[PDB]
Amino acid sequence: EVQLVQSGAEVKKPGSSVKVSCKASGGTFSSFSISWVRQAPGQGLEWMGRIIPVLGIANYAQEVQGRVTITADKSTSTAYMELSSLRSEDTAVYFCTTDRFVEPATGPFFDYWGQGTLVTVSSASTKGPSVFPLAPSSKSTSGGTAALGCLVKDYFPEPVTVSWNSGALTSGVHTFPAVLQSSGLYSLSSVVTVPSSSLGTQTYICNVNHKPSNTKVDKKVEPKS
């Protein structure tokens, strides 16, 4: 029924502010109120606030009061969430929801959700990665199968994509989720298990693309000697 489309992802510096939009594609939200729910990476759901468009009144949760402003333009059928004094803890996905109430219960449940808007807050600046090889050897073989890969280190922001042999090699590939280092830069590895009986036959190249910094690297990974 109701389709909620949100604005795109945002990378922001600490102390700054961001405003996330949520448009009901049907020309109406058809709800008493519209909430914003946030989810930190790997965490559960935390209600932030709702706006009652008919009244123009917005109620906010204690954790964000003073920092958050929820509005709704009735003419364009769009709700907004403006979070300010951004700290790194605000890194999360933010969802808009249409609220539904069943008298006499006083809480809402959320029957329609936007697709979510990622908000990354960091003092880091846009940097391309360095690509180092994870070369196969003998301690890197386990039977007739060897393992090799690429270490994609010290980039910001997310994401990077990694393919092998320009997409030709896909089975046995594991590209791990990036880790955030205490330096504020990201780092991931991508590995692939191949037959050790072809470490001189086949050539293995990992194709790294970091679109935010226009960095593309092709790294050949050859065994150690």
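Each residue number is its position in the shown sequence, starting from 1.
Between the two ranges 147 to 155 and 75 to 83, the one averaging a larger CA B factor in the entry: Here the higher of the two C-alpha B-factor means belongs to 75 to 83.
Higher-scoring stretch by recorded Cα B factor average, 54 to 62 or 193 to 201: The recorded data point to 193 to 201.
Compare the CA B factors listed in the entry for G44, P177, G27, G49 and report the winner. When the deposited C-alpha B-factors of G44, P177, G27, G49 are compared, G27 is largest.
Taking the entry's C-alpha B-factors for this chain, is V2 in the lowest, middle or highest third? Its C-alpha B-factor, which the entry lists for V2, ranks in the highest third among residues of this chain.
If you rank every modelled residue in this chain by C-alpha B factor, which third holds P129: lowest, middle or highest? According to the entry, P129 has a C-alpha B-factor in the chain's middle third.
So where's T69 on the chain's Cα temperature factor ranking, which third? Its C-alpha B-factor belongs to the lowest third of this chain's values.
Could you say whether, by C-alpha temperature factor, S183 belongs to the lowest, middle or highest third of its chain? Its C-alpha B-factor belongs to the middle third of this chain's values.
Using the temperature factors of the C-alpha atoms in this entry, rank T106 within its chain: lowest, middle or highest third. Its C-alpha B-factor belongs to the middle third of this chain's values.
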